[PDB]
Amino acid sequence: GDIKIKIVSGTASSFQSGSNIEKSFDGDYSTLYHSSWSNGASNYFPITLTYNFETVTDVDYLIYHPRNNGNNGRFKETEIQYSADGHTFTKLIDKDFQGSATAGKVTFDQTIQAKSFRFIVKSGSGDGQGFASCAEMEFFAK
């Protein structure tokens, strides 16, 4: 009986219209958040994604679900951060999601009290210099 925390809102520093961040918290593994398809800029990365809860909440682990079809945007090198108030962020861990096509679970060394989590995606798979995309992002408490 692990509680899946309710994500109420989010932001993305890059998105393609119709694939904004909320498509990664709609409960549907086929619908994607996807960064802008125009990925030629030198400062395109990093791509920063923020997921917000309604209130500060206990969280023990998260699962990033990448797209299973297509290779554009599977996360690679990320910095994961959390915020107790939604404004000030603290580094939690550098996580290499490896460009993997399968879900990546990150389990914390303690229960984290957070109103928000943030992913600074430094690299991601795909055409050109790559993209960032996410089928679902999930947060859980034991």
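Don't overthink the numbering: it's just position in the shown sequence, from 1.
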| query | finding |
| --- | --- |
| Mean C-alpha B-factor comparison - 82-90 and 95-103, higher one | 82-90 |
| Top residue by Cα temperature factor, when 57, 52, 36, 48 are compared in the entry | 57 |
| Chain-relative CA temperature factor third for residue 20 | middle |
| Residue 44 CA temperature factor, ranked by third within the chain | middle |
| For residue 112, the third of its chain into which the C-alpha B factor falls | highest |
| Ranked against its chain, the third holding the CA B-factor of residue 137 | lowest |
| Third of the chain, ranked by Cα B-factor, where residue 70 sits | highest |
